[PDB]
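Only one chain comes next, encoded as structure tokens, the form solved without the partner chain.
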């Protein structure tokens, strides 16, 4: 509300409240956090990224995006908690302090602004973007099937009306291109994490192909470690492995793209729960979900630094 200290982290918020939160956080920690606008959504909403840094010039960075699929509210809620957590733990937690003293963290809390607004306004279960085309009466593209990684291959739909529609061409969605351009221009990202829900899974590349990544042994052990850390708080059980062997073939995914860009530590988290509530996870589970997920994310960051 008036301070990030009075903000209710245990309830779901609207786009305006989350955007206001960002400005409060920056005003309160000007020497650590800054807000960058990397683009504008289809409906003209600004696309913001928070940069956490203690200095330096183009230091190795960690990318974290949440809410690419709008109905997965637990992700945007976790993103807000993460943002606050970073400012509270720097100088308090020895490990995190070491990370921030040497690396920058870029956090995109609402990757799909238009869809998020729609979930509050008209359809709580909407997941796609809100781009339109003359060729159809249907709206939107599945932003996590629009990346240039096996784009158009099996594991995505070419029908505009499909919930998994991949779009007319790779990076057609400005919400996706804005991230691609930013990351490529930066050129020094070491980790790329995309947060989703639900299923309680920690996945690594690839989803579009059966080919095994050359770094499978390392990413597999890192995932095993992150999962162990996450489970230590409330006993939440996660499974891990490559996308295609754990779920099914899925094309045009973001971590498949990031990994092909040379960003080794590319992982996707599917948060709580396992189906009891699914996308409609109770607000009472926000904080515990964020707390455990943080332990998992920090573990990955530690192996990156």
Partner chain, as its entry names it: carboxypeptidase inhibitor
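Numbering follows the first chain given and starts at 1.
Participant: Among the other entries of this protein that were compared (only those with both neighbours built), does residue 146 lack coordinates in at least a third?
Facilitator: No, modelled in all of them.
Participant: Using a one-third cut-off over the other compared PDB entries, is residue 199 one of the residues left without coordinates?
Facilitator: Residue status for residue 199: no gap in any other entry.
Participant: Once you work out the mean C-alpha B-factor for both 214 to 222 and 201 to 209 from the entry, which is higher?
Facilitator: It is 214 to 222 that shows the higher mean C-alpha B-factor.
Participant: Using only C-alpha atoms and the B-factors in the entry, which stretch averages higher, 250 to 258 or 26 to 34?
Facilitator: The deposited B-factors put 26 to 34 ahead on the C-alpha mean.
Participant: Highest recorded C-alpha temperature factor, please, choosing from 98, 77, 193, 107.
Facilitator: The listed residue with the largest C-alpha B-factor is 98.
Participant: Say you rank 119, 111, 144, 135 by Cα B-factor from the PDB entry; which sits at the top?
Facilitator: Of the options given, 135 has the highest CA B-factor in the PDB entry.
Participant: Split into thirds by Cα B-factor across the chain's modelled residues, where does residue 177 land: lowest, middle or highest?
Facilitator: Within its chain, residue 177 is a lowest-third residue by C-alpha B-factor, going by the deposited values.
Participant: Which third, lowest, middle or highest, does the C-alpha temperature factor of residue 156 belong to within its own chain?
Facilitator: Ranked within chain, residue 156 CA B lands in the highest tercile.
Participant: For residue 268, return the chain-relative third of its C-alpha B-factor as stated in the PDB record: lowest, middle or highest.
Facilitator: Its C-alpha B-factor belongs to the lowest third of this chain's values.
Participant: For residue 83, does the deposited CA B-factor place it in the lowest, middle or highest third of the chain?
Facilitator: For residue 83, whose C-alpha B-factor we compare with every modelled residue in the chain, the answer is the lowest third.
Participant: Would you mind ranking residue 115 by its C-alpha B-factor against the rest of the chain and naming the third, lowest, middle or highest?
Facilitator: Lowest third, going by the recorded CA B-factors of the chain.
What comes next is about the form solved in complex with the partner chain, which does not appear here.
Participant: Quick check for you: of 104 to 112, 184 to 192, 171 to 179, 197 to 205, which stretch puts a non-hydrogen atom within 4.5 Å of the partner chain in the entry with it bound?
Facilitator: Single hit among the candidates: 197 to 205.
Participant: Taking heavy atoms and a 4.5 Å cut-off, does residue 164 contact the partner chain in the entry with it bound?
Facilitator: Contact check for residue 164: yes, within 4.5 Å of the partner chain in the entry with it bound.
Participant: Find out whether any non-hydrogen atom of residue 73 is located within 4.5 angstroms of the partner chain in the entry with it bound, and reply yes or no.
Facilitator: So residue 73 counts as contacting the partner chain.
Participant: Taking any heavy atom pair closer than or equal to 4.5 Å as contact, tell me whether residue 32 reaches the partner chain in the entry with it bound.
Facilitator: No, residue 32 is distant from the partner.
Participant: Can residue 157 be called a contact residue for the partner chain in the entry with it bound at 4.5 Å between heavy atoms?
Facilitator: Judged by the heavy-atom cut-off of 4.5 Å, residue 157 is in contact with the partner chain in the entry with it bound.
Participant: Listed by sequence position, which residues of 262 to 283 have a non-hydrogen atom within 4.5 angstroms of the partner chain in the entry with it bound?
Facilitator: The stretch 262 to 283, when checked against the partner chain in the entry with it bound, contributes 270, 279, 280 at the 4.5 Å heavy-atom cut-off.
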